[PDB]
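Next comes just one chain, in structure tokens: the form deposited in one PDB entry.
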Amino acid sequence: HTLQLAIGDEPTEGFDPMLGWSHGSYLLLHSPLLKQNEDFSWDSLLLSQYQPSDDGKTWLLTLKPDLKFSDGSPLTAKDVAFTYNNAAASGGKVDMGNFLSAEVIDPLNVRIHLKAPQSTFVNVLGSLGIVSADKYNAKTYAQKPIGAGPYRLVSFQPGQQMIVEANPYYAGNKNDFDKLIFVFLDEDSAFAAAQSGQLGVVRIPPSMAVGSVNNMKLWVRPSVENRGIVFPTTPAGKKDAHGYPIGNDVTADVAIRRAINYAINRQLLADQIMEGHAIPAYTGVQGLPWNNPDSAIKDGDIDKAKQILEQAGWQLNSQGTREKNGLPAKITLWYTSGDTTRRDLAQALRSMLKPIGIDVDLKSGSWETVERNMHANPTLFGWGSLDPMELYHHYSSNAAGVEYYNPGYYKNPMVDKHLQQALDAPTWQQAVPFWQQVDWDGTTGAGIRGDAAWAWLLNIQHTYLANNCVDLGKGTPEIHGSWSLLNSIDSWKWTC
């Protein structure tokens, strides 16, 4: 069967695990050693056995026999070792952490050596795609790659489409669709093509998940993708390396941040903006094992927000705005244009924070424009993944100002300690208790009970429209990024 999908952003700069697995359409053409389960354990497509040592410093990987690539070339230990070592030394992103080396014992066994225990290396094992040691070249791979994925590339028209076909050498199960065509369209054009019957699967914003489309069915997919506001946690007066202002004199007050957290009604955000297709999120890891269980509050509480503001010395002035030492609680919320739900979320927040006396300005821009103001102003972001490293990216002092990570320049030495403890655990199960202390350790934290570096809002569920004859099956909770639906691609069925 042939299926046409418009599910997200267009892939830019190639299909090479070596250059970066950032896009997320690699799930189509590639396959890592491990695949994550719904209980956050790990299974494997390519391995019969994978055992880390008790020290957590080394991994032993036994490959399944008779594995092949999309071109029919054999998949063995040489290719795994080549993959990991080359991605390690390439220096082009690809976080390998404490990785040292991959040694080939026999055609079916690889031994991975790490500098120190790393609880997140299991995420590397579950992300980095395997390339062919012989056939890999940085020039010809990006355009026409070979992998262990369920599909192999056939055609690619930039700005137009991308055509792939089922890989006969796939080690996993086959679905009911032998050919897939992915069209690159904006959300509205995609919806139009869905209603016209041109496409079988289309991704739509939750706002549009309303009413009935002919010969189509809505699919709500569980997701850890989120929406939240990041606060500048330091006073103003400093600039970064690129001359962008850092800090906000209003939001540097922790009371402001806690009050904003308590005044917001997350359930109303879900029901009124996301059409019920979100769940309230009080953290960046909402619903995950490493989420602090006590990190939730009873929000939409105006009187408590007012009480918090009054306790810190924020009083209404003659103009009806909170003032403290002549400084009014006037803030500007920034967000990225080109997204309707973000505009609506920002507006809704502006309306939600008014009754507690906080005046919210709105400013939308391109990411290039947002980059300049995201350190000096509260900003809308979306994140979320099955990788606990998010907590690091958000709350590590070393991540402050780096790319889009930690724009509020949050620095708490104890939180850094807990993060480092989590990283240095041999297993992720042992790391989980340390990840939770990031929120609150009983003394300090980055959560609401703590410094409240964020006003986290929602975990957004992904919405699709599929033909009535198409079953999208199930998979792990989808994440922030594009082409997340692909995580379920093996389970796809044709019911007509």
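Throughout, we count residues from 1 along the sequence that is shown. Rigid core: the largest C-alpha set superposing within 1.5 Å between the two forms.
Stretches 145 to 153 and 368 to 376 differ in mean CA B factor, with 145 to 153 having the higher one.
As listed in the deposited structure, the average C-alpha B-factor of 472 to 480 and of 20 to 28 is greater for 20 to 28. Based on the entry's C-alpha B-factors, the most elevated value among 248, 76, 315, 318 belongs to 76. Reading the B-factor column for the CA atoms of 110, 220, 399, 256 in the entry, the top value corresponds to 110. For residue 324, the recorded CA temperature factor ranks within the middle third of the chain's modelled residues. Split the chain's modelled residues into thirds by C-alpha temperature factor. Residue 56 is in the highest one. Residue 465 sits in the lowest third of its chain by CA B factor, as recorded in the PDB entry. The entry lists a Cα temperature factor for residue 191 that places it in the middle third of the chain's modelled residues.
Ranked by C-alpha B-factor against the other modelled residues of its chain, residue 431 falls in the middle third.
Although it is not shown, the form deposited in another entry is what the next lines describe.
Once the two forms are fitted on their rigid core, between the shown form and the other one the CA displacement reaches 2 Å or more only for 100 among 302, 268, 100, 296. After superposition on the rigid core, the Cα of residue 120 moves by less than 2 Å between the shown form and the other one. Comparing the forms between the shown form and the other one, the C-alpha position of residue 285 differs by less than 2 angstroms, with the core used for superposition. Once the cores line up, the CA of residue 57 ends up 2 angstroms or more apart between the shown form and the other one.
Three angstroms is the minimum change: in the other entry, the CA atoms of residue 20 and residue 288 sit closer than in this structure, by 3 Å or more.
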